[PDB]
Protein chains: 2
Amino acid sequence: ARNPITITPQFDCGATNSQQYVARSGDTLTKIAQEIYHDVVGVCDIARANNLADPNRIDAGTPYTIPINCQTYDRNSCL
Amino acid sequence: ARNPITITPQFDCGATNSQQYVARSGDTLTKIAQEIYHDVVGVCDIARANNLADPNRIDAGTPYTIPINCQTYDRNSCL
Ligand SMILES: CC(=O)N[C@@H]1[C@@H](O)[C@H](O[C@@H]2O[C@H](CO)[C@@H](O[C@@H]3O[C@H](CO)[C@@H](O)[C@H](O)[C@H]3NC(C)=O)[C@H](O)[C@H]2NC(C)=O)[C@@H](CO)O[C@H]1O
Ligand SMILES: [Cl-]
Ligand SMILES: [Cl-]
């Protein structure tokens with residue numbers, strides 16, 4: 001019923017918008033994606049958005065780009 | 001650098017995906033949008049998605065549709 005629109009993604013997951021999230025001690029990608037962001041992004045979307053090799057290595061005090069409006073969600077391909 | 005894609009929004013905010021969130025006692029649209037969903041949706045996007053008459057009035061135990069990948073965010077037009 002709504003008209004289709006064309007968007008230009010900034011991430012492979014199709015997201016156009018993002019936030020900067022600074023990891024806290026004890027944060028993991030699963031906690032960030034699933035709890036802090038209430039599962040609106042996949043753990044592996046975050047990893048690819050940040051060009052991360054190992055998704056289990058997250059550094060306290062480092063900002064991570066969180067794509068917040070993905071069209072698709074990759075929860076485990078990088079796992 | 002990525003190629004544009006065409007999507008069909010299911011909500012006025014441009015979102016294609018959503019979740020159901022069941023309001024807890026004490027919940028408000030503000031705390032749902034800003035804390036639970038970490039600002040990835042606007043208070044007024046939630047109100048419009050659920051055809052809420054009063055954005056200040058939500059019912060404990062009632063499920064609400066949360067558009068999770070809006071293109072635009074409406075934080076206050078309905079307030
Ligand atoms: C847009 C926004 O965030 N507005 C905030 C107000 O919603 C909030 O007021 C409180 O709102 C809640 C949710 O509507 C009210 O709780 C509901 O109360 C009714 C009647 O008592 C009850 O039937 C519902 O079960 C119950 N729902 C929930 C989820 O608890 C509550 O009464 C409102 N409180 C006051 C004082 O008006 C106010 C205050 O925090 O802030 C706005 O920003
Ligand atoms: Cl990406
Ligand atoms: Cl809507």
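One is the number of the first residue shown, and numbering goes on along the chain from there.
So how was this one determined? The header says X-ray crystallography, 2.4 Å.
Using the three backbone atoms N, Cα and C, a Cβ is placed for every residue, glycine included.
Secondary structure at B:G26 (chitin binding site), as computed by DSSP, is coil. Residue environment of B:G26 (chitin binding site) contains 7 other Cβ atoms, counted within 10 Å of its Cβ in all protein chains. Swiss-Prot lists B:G26, B:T30, B:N56, B:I58 with the feature chitin binding site, giving a large-scale study or a structure entry as the kind of evidence.
For B:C13-B:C70 (among others), the entry in Swiss-Prot reads disulfide bond, with the evidence type experimental evidence. In the three-state DSSP scheme, B:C13 (disulfide bond) falls into the coil class. Residues within less than 8 Å, Cβ to Cβ, of B:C13 (disulfide bond) and separated from it by at least 6 positions along the same chain comprise B:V41, B:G42, B:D45, B:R48, B:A49, B:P67, B:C70, B:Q71, B:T72, B:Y73, B:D74.
According to Swiss-Prot, the disulfide bond annotation covers B:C44-B:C78 (among others), on the basis of experimental evidence. Of all Cβ atoms in the protein chains displayed, 21 besides its own lie within 10 Å of the Cβ of B:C44 (disulfide bond).
Sequence annotations record features per position, and here Swiss-Prot assigns domain 'LysM' to B:19-66 based on sequence analysis.
Other Cβ atoms within 10 Å of the Cβ of B:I58 (chitin binding site), summed over all protein chains shown, number 17. Residues from the set of recorded positions B:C13, B:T30, B:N56, B:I58, B:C70, B:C78 situated with their C-beta under 8 Å of a chain A C-beta: B:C70. Under 6 Å, Cβ to nearest atom of ligand 1: this is the test, and of the recorded positions B:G26, B:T30, B:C44, B:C70, B:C78 it is passed by B:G26, B:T30.
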